[PDB]
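Q: Residue numbers (the working numbering), protein chains in the order written: chain A, 1 to 50; chain B, 1001 to 1323; chain C, 2001 to 2060; chain D, 3001 to 3210; chain E, 4001 to 4044; chain F, 5001 to 5148; chain G, 6001 to 6129; chain H, 7001 to 7167.
One structure follows; several queries about it will come next.
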Amino acid sequence: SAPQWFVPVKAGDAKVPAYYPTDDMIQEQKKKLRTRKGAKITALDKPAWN
Amino acid sequence: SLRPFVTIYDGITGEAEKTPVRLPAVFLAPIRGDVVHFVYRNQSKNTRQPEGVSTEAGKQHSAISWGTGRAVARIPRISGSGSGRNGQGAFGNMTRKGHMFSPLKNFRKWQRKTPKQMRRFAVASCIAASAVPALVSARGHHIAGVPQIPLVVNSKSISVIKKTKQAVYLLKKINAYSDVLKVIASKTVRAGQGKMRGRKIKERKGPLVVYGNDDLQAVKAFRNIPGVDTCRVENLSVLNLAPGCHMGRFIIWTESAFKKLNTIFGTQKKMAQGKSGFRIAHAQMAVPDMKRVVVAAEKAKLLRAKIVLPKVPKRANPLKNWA
Amino acid sequence: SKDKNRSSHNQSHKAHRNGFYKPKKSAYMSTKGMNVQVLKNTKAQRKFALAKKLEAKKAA
Amino acid sequence: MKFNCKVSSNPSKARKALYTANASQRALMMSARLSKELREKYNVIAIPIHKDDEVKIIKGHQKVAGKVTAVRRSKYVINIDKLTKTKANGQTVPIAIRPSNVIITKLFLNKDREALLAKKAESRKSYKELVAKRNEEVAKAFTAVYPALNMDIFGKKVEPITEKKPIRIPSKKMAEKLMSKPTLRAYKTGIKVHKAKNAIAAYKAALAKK
Amino acid sequence: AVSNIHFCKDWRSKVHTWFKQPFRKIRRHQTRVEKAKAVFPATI
Amino acid sequence: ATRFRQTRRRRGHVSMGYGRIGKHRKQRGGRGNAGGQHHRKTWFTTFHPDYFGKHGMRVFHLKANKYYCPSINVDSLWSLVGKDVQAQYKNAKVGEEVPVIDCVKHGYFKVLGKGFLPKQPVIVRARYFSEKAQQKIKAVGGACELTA
Amino acid sequence: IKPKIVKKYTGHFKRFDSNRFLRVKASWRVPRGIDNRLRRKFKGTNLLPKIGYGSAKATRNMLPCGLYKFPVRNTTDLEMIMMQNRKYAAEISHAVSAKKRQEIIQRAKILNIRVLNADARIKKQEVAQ
Amino acid sequence: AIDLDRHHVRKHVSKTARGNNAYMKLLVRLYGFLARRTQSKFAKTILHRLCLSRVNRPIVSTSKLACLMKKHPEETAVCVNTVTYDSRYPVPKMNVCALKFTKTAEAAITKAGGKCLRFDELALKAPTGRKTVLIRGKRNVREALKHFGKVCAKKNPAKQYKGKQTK
RNA sequence: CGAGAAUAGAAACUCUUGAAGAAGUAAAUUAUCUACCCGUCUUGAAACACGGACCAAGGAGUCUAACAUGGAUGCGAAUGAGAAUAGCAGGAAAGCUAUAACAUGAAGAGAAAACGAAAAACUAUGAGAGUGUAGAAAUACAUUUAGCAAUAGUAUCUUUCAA
RNA sequence: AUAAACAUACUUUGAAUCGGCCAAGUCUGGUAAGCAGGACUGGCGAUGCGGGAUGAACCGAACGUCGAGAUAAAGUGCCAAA
RNA sequence: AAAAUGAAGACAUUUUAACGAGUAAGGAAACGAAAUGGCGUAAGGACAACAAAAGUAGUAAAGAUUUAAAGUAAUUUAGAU
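Written out as structure tokens, the structure reads:
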């Protein structure tokens, strides 16, 4: 498996080292920013803790 | 002392000799960086040539101070008139065209003494470090491909080498050419005022070819190769085995020189023959490892368990904090 | 050019920074100048007791 | 390395003898190389340049071929009729060329170049027969030790020794403790960098296989 | 310790340096060899 | 190593560690051992209390070779021949063959008696002997020989 | 994630009398004069560098982007921080040519490493290009 | 502020191995670990004596070891200092652990049937110390101590560094 | 009514502003508070005490020799013998090798003549090693043993008119 | 009784210094001095901060960079916070 | 200062507590839990693309002028001309 710090990206025909894989087996992954969850939706009648 | 075996390779055919050679006892001497540093710091100064300024430089005037009452300082002044030099500053240290602070004298101490037994201690410690691949590579040598880091070549192959094309061929066979090409590719020019004095090129250090008494014809072959230095086994010193006071030089031994090592340096129990009065010292520790003592003391149930420091709670106010 | 002659100002403050060095115990136990006959008796017994102590060591 | 104690390796002394050299030693320094056609005819590599010779510029802006019209030894240059520059008001002046940027294509050989060229030719042959005598002697000593091999092995490719016999020495445990901090940190980083490269190489190979 | 140093005179003109020492060996050894080649019984 | 002196650490300090009230002037009481009896008398009294005066008889030309007499004690005699020889002749007595210690050959002229000898006979050859040296050699079963 | 970098003094500790005299530079020197106004710490002029001004240990030598500077001279020197791209940022040396700068910039994008001199020694492609 | 008798200054006790000796550094690492874990006063003693300066670790001769080991037949003398050889007196059979052994001292001890141990073997065999006898050499025998003080003193005069015209 | 204890219960949120420039930082100006000329001698200088018109470059605890203390280093009753000097490879102001004169030390006192060290030591306190009990986590007591360094005091011995 | 284990006892090597000045529920000479010389202690010198308008010594209090509070000497008509 | 951890992480480790004024003066280098920590000038010996072309440089060095960044500070780093 890949190291946790290794996120391969595609190279536009630029020179690459031997160890770096070719882009044909490199798949891009969409950048992820959000890590928190939104507020849960409770019943209309029940009041919020806040 | 089991003294593990060491293989000897043929420089031309690449075939290991059928008779291994016991590792000389000089390779188990303590590797003392502090002792090497003391010797190298002293020995590196022994090539210096005497220098000094002219004795009469800046003192060739008949100047006397004008004294006070003339609105000028009391530094001596050149006498006479008619030129711009007259009435100017004189011998004084801070004046222009005068003598400097205490002039350098040619009878300074250029060379440094060192006890003989401390010099032999440092060579043995430098030889031992040449058999540690970690220290050899960390010094800046490419020894990833060599068969054995105490690299020995047959004395039969050495005796046939008469040209630099053959010496280069042997170095390729034993996978020692990685260092020679590093020196060739990284050669550059000096940075500073050393170029006017003649020192222009600044190369790196490569393998050292230690040869015996029967290899006096193969010396000429290796000397023109860039970054390859040859030294006789007896003439070893800290200036060869630790250039720049970094121990762990990559050394190529020959069969004649390798076998003479035991006679020259002796063992830890036998006084040396070539260097009379000297014997390899014992390290302060018999086995330079701390693991075997811990596990045995662990087996005896003597060590306490590892302590993790408790988290000291922050101070609170009991009068206001009910908890 | 008259100058001040002497002053004890700041002297006690100096003497107490490293306080009064008391003598050690061995100072009070010196025996030089003791009574002549007393030293003779003490020497006589110390010689007698040592010889007895030594002959047992030689015996064993 | 120089071993003749009479000659000096001081750069400053070398330049001083270059500027103050007389005409006798200036002629032998402004030499040029013969062309292929002339080299085959005379078996001579280079000769001192001469007037009315024909040369060909090989380094510079204009690689023209012309006739030597002036051999100025005080300036250590030569002049060619083809290489000129108009001096604003209209007159043209020759352009100086260093004699090491040209090769001679036509000699001006009256009577002394003929004697020189013959002398230069035999010197090449005499050295060639002397090198041949040394080379066989070197080869003869190589056969007496390796009778199954021939000296041509030194000109071909070399096969490294791939055997990797290791040796047990009771100092490899101390290797990390015998380095100073500046050289310990560099050694450990090289190990860490080398491992990471091997990890990416391994992951790439697995992806290539799959 | 009470010092007894005799530098009140002009020692700078009394200083003798041994920079010729490494070349005395070469001189004497070469001359010693030359005599042996001339009449070897003489250097005996 | 000029980079480890105190001068490099006092750059920026005006007086270079020599004081402002009392400067670093040329002299501090005279050149050499000046004033040995006037203002440096407390130094010579304190640290060389017998410096000034005369004592003993003059020797107009002292023959220092006549006082040369290296000494060795009895306990150190056997170290001249080593422990290997000492153990070899450990079981000897009168009548048979006994090793001879040549102190003069080793550069020792007088033999003194200090410490204890091993309980073996031995022959000691030397130029001078102390009274207690001969007693200890004879009390062990040995003989003393004179030389020169 | 980025911690809050707090500086205890954002100004500069200028030398005493460096404003009045041009021979006295602005680089700090402790005044050792016996009657110096600043050394005696008078009112108004009592501003000297003291160890108490040091910034927090956690966020020391950290650039405002939140990473630590790491100088690089070629593409191979980038591999030494290729595993720490969340801690270190590259920094092409001031003497690296424009040709070698392109290789470093295009390689660091492959290795996902932030470069701070990404707009250095760019060619004339500024106007009408 | 606060009226303190004196301010906090570095305690004048060594806590590591003086110098750059790689082996002596590891010994302090070993006994600093043993003293912390085993909590034995013997390891705390050996750790402390390993951190003294060279002048404060005086030598012990084979003659002194023999006298101290007379009534301790099966024991291991432990001295953190170089052990020299007293050629005047014979060396009996005994086991000694010391930092360094003189070539002649090691030969004499071995030839008598004894053993010459280093401090790692002692820690491997007797970590807390069970059949050992702690020994240290004399300190006042140094000739430098003679000249200390005032040579004009009435009670214990010094020894008057020799120099110009000393009688 | 109720401490302990047993048994069951419950916390994940809103709004505004920001590549049309948020937060921070810097420069210039303004405003409130604040600020005497640096170096030096001196009890005391911003001083009506002295040097300083301005800028650049140069500018002052160094070298040799003897001793002592101290930290790192080798060897250790020895250490040094890069004392001169003699050899070795290589061509070398570098490197290596020389059973060696001597220097310091192993013996000290006396002006010198003349001499030249054990009762195989003693006493006191003192480093360390165990076994048991208990608290009980570490640790705190009981008891057996050893007594190094250091300090002090004793006998005994060499030299001195005198220790 | 009270305090004292970063307690205590030191050993070695060494720097600078021995022009001092002020205060006072103190003294001597002098008509007296911001004079001359002393006993004990605290300070200035070597020392900034808050107050006494200003001040080497007075009163409070001695200083790593900051925030919030309770304070000290001393103040609360305006300059000037009360 | 004391505890804990300790072959290499890293920020010269982790935790707790006390402390931090200062002229003359002192605290040389090295010492893993480091017997103060560092910046700069020039020269000498090494190291500087680890897979046989191995630090930077006419795709613009040193220097100079400034703009910003890092450091309590000595100073360093980078952009533009």
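From the three backbone atoms N, C-alpha and C, an ideal C-beta is built for every residue, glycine too.
Roughly how many angstroms lie between the CA atoms of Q2037 of chain C and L5077 of chain F, to the nearest whole one?
A: On the third sequence, position 37 is the one that residue 2037 of chain C refers to. On the sixth sequence, position 77 is the one that residue 5077 of chain F refers to. Whole-angstrom Cα-Cα distance: 45 Å.
Q: Under 9 Å Cβ-Cβ, which residues of chain G neighbour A18 of chain A?
A: Here residue 18 of chain A is taken as the residue at index 18 of the first sequence, counted from 1. Those do not exist, as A18 of chain A stays about 12 Å from chain G at its closest Cβ, beyond 9 Å.
Q: If you follow the alpha helix (DSSP H) that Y7031 of chain H is in, where does it begin and where does it stop?
A: Walking along the eighth sequence from the start, residue 7031 of chain H turns up at place 31. Segment 7022 to 7038, the alpha helix (DSSP H) holding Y7031 of chain H.
Q: Can you confirm whether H5013 of chain F, when its beta carbon is compared against all beta carbons of chain G, has any partner nearer than 8 Å?
A: Locating residue 5013 of chain F in the sixth sequence gives position 13, counting from the first residue. Interface residue, yes.
Q: Using Cβ-Cβ distances below 9 Å, what residues of the stretch 1276 to 1299 of chain B are close to chain H?
A: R1279, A1281, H1282, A1283, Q1284, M1285, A1286, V1287, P1288, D1289, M1290, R1292, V1293, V1294, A1296, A1297
Q: Check whether the Cβ of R3185 of chain D lies closer than 8 Å to any Cβ atom in chain B.
A: Mapped onto the fourth sequence, residue 3185 of chain D falls at position 185. Residue contact with chain B for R3185 of chain D: absent (no Cβ-Cβ distance below 8 Å to any residue of chain B).
Q: With DSSP as the reference, label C5103 of chain F as helix, strand or coil.
A: Mapped onto the sixth sequence, residue 5103 of chain F falls at position 103. Residue state, collapsed to three classes: coil.
Q: Hey, how far is the Cα of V1035 of chain B from the Cα of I1264 of chain B?
A: Within the second sequence, residue 1035 of chain B is the residue found at index 35, counting from 1. Within the second sequence, residue 1264 of chain B is the residue found at index 264, counting from 1. Computed Cα separation, rounded: 20 Å.
Q: Let me know the beta strand (DSSP E) ranges lying completely inside the stretch 3021 to 3052 of chain D, each 3 residues or longer, listed in chain order.
A: Within the stretch 3021 to 3052 of chain D, the complete beta strand (DSSP E) runs of at least 3 residues are 3031 to 3034, 3046 to 3048.
Q: Within the same chain, show all residues whose beta-carbon is closer than 6 Å to that of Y7085 of chain H, passing over the 5 residues directly before and after it, in chain order.
A: The count along the eighth sequence starts at 1 and reaches residue 7085 of chain H at position 85. Taken in chain order, the residues that qualify are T7062, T7102, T7104, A7105, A7108.
Q: Is it true that the stretch 6007 to 6020 of chain G meets the stretch 5110 to 5127 of chain F, where meeting means three or more beta-carbon pairs spaced less than 8 Å apart?
A: no
Q: Compare the C-beta of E3136 of chain D against all C-beta atoms of chain B and say whether one is closer than 8 Å.
A: The residue labelled residue 3136 of chain D in the question sits at position 136 within the fourth sequence. No, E3136 of chain D does not count as interfacial toward chain B.
Q: Cβ atoms of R3033 of chain D and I3045 of chain D: under 8 Å apart, would you say?
A: What you label residue 3045 of chain D is simply residue 45 of the fourth sequence in a count that begins at 1. What you label residue 3033 of chain D is simply residue 33 of the fourth sequence in a count that begins at 1. Yes. Within cutoff.
Q: Quick check: the Cα distance between residue 2964 of chain D and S1256 of chain B, rounded to an integer number of angstroms?
A: Outside the displayed range of chain D (3001 to 3210) lies residue 2964 of chain D, so it cannot be described from this structure.
Q: Whole angstroms are fine: how far does the CA of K3041 of chain D sit from the CA of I3078 of chain D?
A: To locate residue 3078 of chain D, count along the fourth sequence from 1; it is residue 78. To locate residue 3041 of chain D, count along the fourth sequence from 1; it is residue 41. Approximately 25 Å, taken between the alpha carbons.
Q: Using only CA atoms, which one of D:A3144, D:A3201, D:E3037 lies nearest to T3105 of chain D?
A: Position 105 of the fourth sequence, counted from the start, is the residue given in the question as residue 3105 of chain D. If we check each option's Cα against that of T3105 of chain D, D:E3037 comes out closest.
Q: Terminal residues of the continuous beta strand (DSSP E) containing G3066 of chain D?
A: Along the fourth sequence, read from residue 1 onward, the residue named residue 3066 of chain D stands at position 66. Start and end: 3065 to 3072.
Q: Listing by chain order, which chain E residues have their CB less than 7 Å from the CB of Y7031 of chain H?
A: One-based indexing of the eighth sequence puts residue 7031 of chain H at position 31. What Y7031 of chain H touches in chain E: nothing, since even the nearest Cβ is about 42 Å away.
Q: Use the C-beta contact count for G5022 of chain F: other C-beta atoms within 10 angstroms, 16 or more gives buried, fewer gives exposed.
A: Locating residue 5022 of chain F in the sixth sequence gives position 22, where the first residue counts as 1. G5022 of chain F should be labelled exposed.
Q: Below 7 Å on C-beta distance, what does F4019 of chain E contact in chain B?
A: As a first step, residue 4019 of chain E is located in the fifth sequence; it is residue number 19 there, counting from the start. Residues of chain B passing the Cβ test: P1050.
Q: Can you list, in chain order, the residues of its chain whose CB lies under 6 Å from that of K5110 of chain F, leaving out five sequence neighbours each side?
A: Taking the first residue of the sixth sequence as 1, we reach residue 5110 of chain F at position 110. Cβ neighbours of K5110 of chain F beyond the five flanking positions: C5069, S5071, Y5128.
Q: Can you find at least 3 beta carbon pairs, one from the stretch 1027 to 1047 of chain B and one from the stretch 7019 to 7027 of chain H, that sit closer than 8 Å?
A: yes
Q: Who are the neighbours of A4038 of chain E on chain H, taking C-beta pairs under 9 Å?
A: Residue 4038 of chain E sits at position 38 when you count from the first residue of the fifth sequence. What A4038 of chain E touches in chain H: nothing, since even the nearest Cβ is about 50 Å away.
Q: I'd like to know whether the C-beta atoms of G7114 of chain H and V7096 of chain H end up nearer to each other than 8 Å.
A: As a first step, residue 7114 of chain H must be located in the eighth sequence, where it is residue number 114. As a first step, residue 7096 of chain H must be located in the eighth sequence, where it is residue number 96. Yes, these two residues count as a Cβ contact at 8 Å.
Q: Is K7150 of chain H close to chain F? Criterion is C-beta to C-beta, closer than 8 Å.
A: Taking the eighth sequence and counting its residues from 1, one reaches residue 7150 of chain H at position 150. So yes, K7150 of chain H belongs to the interface.
Q: Mind listing the chain H neighbours of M3174 of chain D? Cutoff is C-beta to C-beta under 9 Å, in chain order.
A: By one-based count along the fourth sequence, residue 3174 of chain D stands at place 174. In chain order: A7022, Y7023, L7026.
Q: Under 8 Å, do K3002 of chain D and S3009 of chain D count as touching if we go by C-beta distance?
A: Here residue 3002 of chain D refers to the residue found at position 2 of the fourth sequence. Here residue 3009 of chain D refers to the residue found at position 9 of the fourth sequence. Result yes, Cβ atoms of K3002 of chain D and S3009 of chain D sit closer than 8 Å.
Q: Can you pull the DSSP bridge partners for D1229 of chain B?
A: Reading the second sequence from its first residue, position 229 is the one you call residue 1229 of chain B. The partner list for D1229 of chain B (beta bridge, DSSP) reads B:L1208.
Q: Between D:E3114, D:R3134, D:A3201, D:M3030, which has its C-alpha nearest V3071 of chain D's C-alpha?
A: Locating residue 3071 of chain D in the fourth sequence gives position 71, counting from the first residue. Checking every option, the nearest Cα to that of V3071 of chain D belongs to D:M3030.
Q: Just to make sure I have the definition right: I need the residues of chain A whose C-beta is within less than 9 Å of the C-beta of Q6106 of chain G. Which are they?
A: Within the seventh sequence, residue 6106 of chain G is the residue found at index 106, counting from 1. Within chain A, the residues near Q6106 of chain G are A11, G12, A14, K15.
Q: Straight-line CA distance for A5133 of chain F to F1278 of chain B?
A: Position 133 of the sixth sequence, counted from the start, is the residue given in the question as residue 5133 of chain F. Position 278 of the second sequence, counted from the start, is the residue given in the question as residue 1278 of chain B. Near 36 Å, if we compare the C-alpha coordinates of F1278 of chain B and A5133 of chain F.
Q: Determine the chain A residues that contact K3197 of chain D at a beta-carbon separation under 7 Å, and present them in chain order.
A: Position 197 of the fourth sequence, counting from 1, holds the residue named residue 3197 of chain D. Result: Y19.
Q: Please report the Cβ distance between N1086 of chain B and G1080 of chain B, rounded to the nearest whole angstrom; I am assuming they are in contact, meaning their Cβ atoms lie under 8 Å.
A: The residue you call residue 1086 of chain B lines up with position 86 of the second sequence. The residue you call residue 1080 of chain B lines up with position 80 of the second sequence. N1086 of chain B to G1080 of chain B, Cβ: 5 Å. Contact.
Q: Whole angstroms is fine: what's the gap from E7075 of chain H's alpha carbon to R7037 of chain H's?
A: Walking along the eighth sequence from the start, residue 7075 of chain H turns up at place 75. Walking along the eighth sequence from the start, residue 7037 of chain H turns up at place 37. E7075 of chain H and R7037 of chain H: Cα-Cα distance of roughly 25 Å.
Q: Could you tell me whether the Cβ atoms of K3157 of chain D and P1147 of chain B are closer together than 8 Å?
A: Sequence index remark: in the fourth sequence, residue 3157 of chain D carries index 157 (1-based). Sequence index remark: in the second sequence, residue 1147 of chain B carries index 147 (1-based). No.
Q: In its own chain, which residues sit with a C-beta less than 8 Å from the C-beta of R1074 of chain B, not counting the 5 before and 5 after it?
A: Taking the first residue of the second sequence as position 1, residue 1074 of chain B is located at position 74. Around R1074 of chain B: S1065, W1066, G1067, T1068.
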